[PDB]
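# No letters, just coordinates:
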């Protein structure tokens, strides 16, 4: 039946989101081993966490050109072996290496990982927006997207289960074993990755120029232009805050009160699991249960404006008030990222556009998102040192208000067939 396919994409999303966000759980493990007396250098950490997103855009452009050049049959398996191989290369960095060299190893692998994650990334959105042609398409997209929570959560659960498995060995003085853990965090993606590898297996310029002509004609009209503009902005703007935060959720929880060797790692994994269990994850399900009742915009407004509120509260109060209030707001924000703009910018970018031009607009929006993702991903930790976390949160707040303001450019997509609207638009003229 139709069911088995959407699960596989979810597991693909889970693996990407796992692979994407597991870096959030992996980065602190790298610090304790290779940089115990100081922290991970800012530019290298940004590049590493953006690396998957940078490779994610190069992946979706390269696996876009090859996918367009030689069809779907050419790209489907090769991306997963690429993230498996990139996972395996990433998973098996030499242990006797200098810290800076290990990081650069992982980034490049995470680019290729991102290139592989960049393959299947927009390709898991299209397959079910085309298929349904029914009012209940949004619940389905968010369900697969919610695996972004499970990827972040299971990565979070794997982390506490991993760390609590190494409990006694660490307390007895064998402090280097944490290096085994982060490979396990990444490597455990191989279980579904090979599981998925098993399951996945078990006139070129003339057309490109003609498609470019229709695309230019369509998005040269205001009521059509603004929707791509708002989609790019909303996705661009939220992925600034969303991946700024979710690739660095562990960094934010370290300014909040969650920061011996085991005690530290387990507490951070507890804050991560709390936030992702209580906020990041259920926010997808509050979105899941309300998109087809409340609408994408009001949730994006709320998501932007409330995550903006909580970003404004975080920005305003982070250096002045206690852990609990912040953790709630951060969980409220994470809740209102996924119960809001992070989820809706993914959905709205998929739903706005008639089929005849959808592929470019979503790729440009996702690229814009990855641009916003890589922008914050590329610079989140550098800005944190140059201007402070509160200032960045105000930026995320402003991007939420700009996300809020830019959200006005968008049409509501609940219950609308974009193809019948295009046909009636023309039969009227």
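Nice, thanks for sending it over. Residues are numbered from 1 along each chain as shown.

# residue contacts, the residue lying closest to residue 378 once chain neighbours are set aside?
Nearest residue to residue 378 in three dimensions, chain neighbours excluded: residue 50, at 4.4 Å (CB to CB, 6 or more residues apart in numbering). For the C-beta atoms, the positions are set from N, CA and C on the backbone; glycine is no exception. Neighbour list for residue 50: 247, 373-374, 377-378 [criterion: CB atoms under 8 Å, 6 or more residues apart in numbering].

# Name the secondary structure element that contains residue 50.
helix 42-70 (DSSP states H and E).

# which element follows that helix toward the C-terminus?
Heading C-terminal from helix 42-70 (DSSP H and E), you reach helix 76-91.

# Give the buried residues for that next one.
Along helix 76-91, these residues count as buried under the neighbour rule (16 or more other CB atoms under 10 Å): 76, 79-91.

# Could you list every helix and strand in contact with that helix?
helix 3-34, helix 99-132, helix 178-187, helix 190-201 (3 or more CB pairs under 8 Å, 6 or more residues apart in numbering; DSSP states H and E).

# Compute the inter-axis angle for that helix and helix 178-187.
Inter-element angle recorded for helix 76-91 and helix 178-187: 170 degrees (by axes from the mean of the first three to the mean of the last three CA atoms, to 10 degrees).

# count of residues packed around residue 385?
10 (other CB atoms under 10 Å).

# my guess is it meets residue 42, correct?
Yes - between residue 385 and residue 42 there is a contact under CB atoms under 8 Å: 5.6 Å.

# need the buried residues of helix 76-91 in CSV with distance to residue 141, can you?
Listed next are the buried residues of helix 76-91 as CSV, based on distance: CB to CB, whole Å:
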residue, distance to residue 141
76, 20
79, 21
80, 22
81, 27
82, 25
83, 22
84, 26
85, 29
86, 26
87, 26
88, 31
89, 32
90, 29
91, 31
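
# give me phi/psi at residue 189?
Residue 189 has phi and psi values of phi -60, psi -20 when expressed as degrees, to the nearest 10.

# and it, how far is that from residue 97?
Look at residue 189 and residue 97: by CB to CB, to the nearest Å, they are 22 Å apart.

# next one: residue 135
Distance from residue 135 to residue 97, counting by CB to CB: 54 Å.

# ditto for residue 367
In this view, residue 367 and residue 97 are 33 Å apart by CB to CB.

# So which of the two has more stuff around it?
In this comparison of residue 367 against residue 97, neighbours counted by other CB under 10 Å, the higher total goes to residue 367 at 23 against 13.

# Just confirm the more buried one contacts residue 57, I think it does.
Yes - judged on CB under 8 Å, residue 367 makes contact with residue 57 at a distance of 5.5 Å.

# where do the contact lists of the two overlap?
In contact with both residue 367 and residue 57: no residue, using CB under 8 Å, 6+ apart.

# Residue 39 contacts residue 31, doesn't it?
Yes - when contacts are counted by CB under 8 Å, residue 39 is listed as touching residue 31 (6.3 Å).

# of those two, who's got more company?
More crowded of residue 39 and residue 31, by other CB under 10 Å: residue 31, with 17 against 13.

# Count residues in the vicinity of residue 238, would you?
Residue 238 is flanked by 33 other residues according to other CB under 10 Å.

# tally of neighbours for the closest residue to it other than its chain neighbours?
Closest residue in space to residue 238, ignoring its immediate chain neighbours: residue 341 at 3.9 Å, by CB to CB, 6+ apart. If you count neighbours by other CB under 10 Å, residue 341 ends up with 35.

# Over to residue 362?
Around residue 362 there are 24 other residues, counting by other CB under 10 Å.

# Over to residue 418?
Neighbourhood size, residue 418 [other CB under 10 Å]: 18.

# Now it. Nearest residue, chain neighbours left out?
residue 354 (4.5 Å).

# Over to residue 170?
Nearest one to residue 170, counting by CB to CB, 6+ apart, is residue 262 at 4.4 Å.

# My read is that residue 234 contacts residue 345, right?
Yes - with contacts counted by CB under 8 Å, residue 234 reaches residue 345, the gap being 4.7 Å.

# Now the common contact residues for those two.
Common contact partners of residue 234 and residue 345 (CB under 8 Å, 6+ apart): residue 300.

# coming back round to it: relative to residue 218, how far out is the residue nearest to residue 238?
With distances taken as CB to CB, residue 341 is found 25 Å from residue 218.

# what's residue 144 in contact with, if anything?
Residue 144 makes contact with 6, 9-10, 13, 124, 128, according to CB under 8 Å, 6+ apart.

# Next, give me the two most distant ones among those.
13 and 128 (11.8 Å; CB to CB).

# Which of these two has more residues huddled nearby?
For residue 13 and residue 128, the more surrounded residue by other CB under 10 Å is residue 13, and the numbers stand at 25 against 18.

# which residues does the more buried one contact?
Residue 13 touches 124, 144-145, 147-148, 151, counting by CB under 8 Å, 6+ apart.

# same deal with residue 14?
So residue 14 contacts 147-148, 150-151, 154, 192 (CB under 8 Å, 6+ apart).

# so which of these is the most crowded?
Top of those by neighbour count (other CB under 10 Å): residue 148, with 27 neighbours.

# What angle do helix 99-132 and the helix or strand that contains it make with each other?
Take DSSP H and E as the rule and residue 148 turns out to sit in helix 137-165. Using the same axes, to 10 degrees, the direction of helix 137-165 lies 150 degrees away from that of helix 99-132.

# Next secondary structure after helix 137-165?
Beyond helix 137-165 on the C-terminal side, the first helix or strand identified by DSSP H and E is helix 167-171.

# I would like the residues contacting that following helix, please.
177-178, 260-262, 266.

# can you give me the offset of that helix from its chain's centre?
Relative to its chain's centre, helix 167-171 lies at 33 Å (CA atoms, centre = their mean, to the nearest Å).

# For residue 166, find the nearest of the helices and strands packed on helix 76-91.
Closest approach to residue 166 among these (CB to CB): helix 178-187, 6.1 Å.

# now for that closest one, which elements pack on it?
helix 3-34, helix 76-91, helix 137-165.
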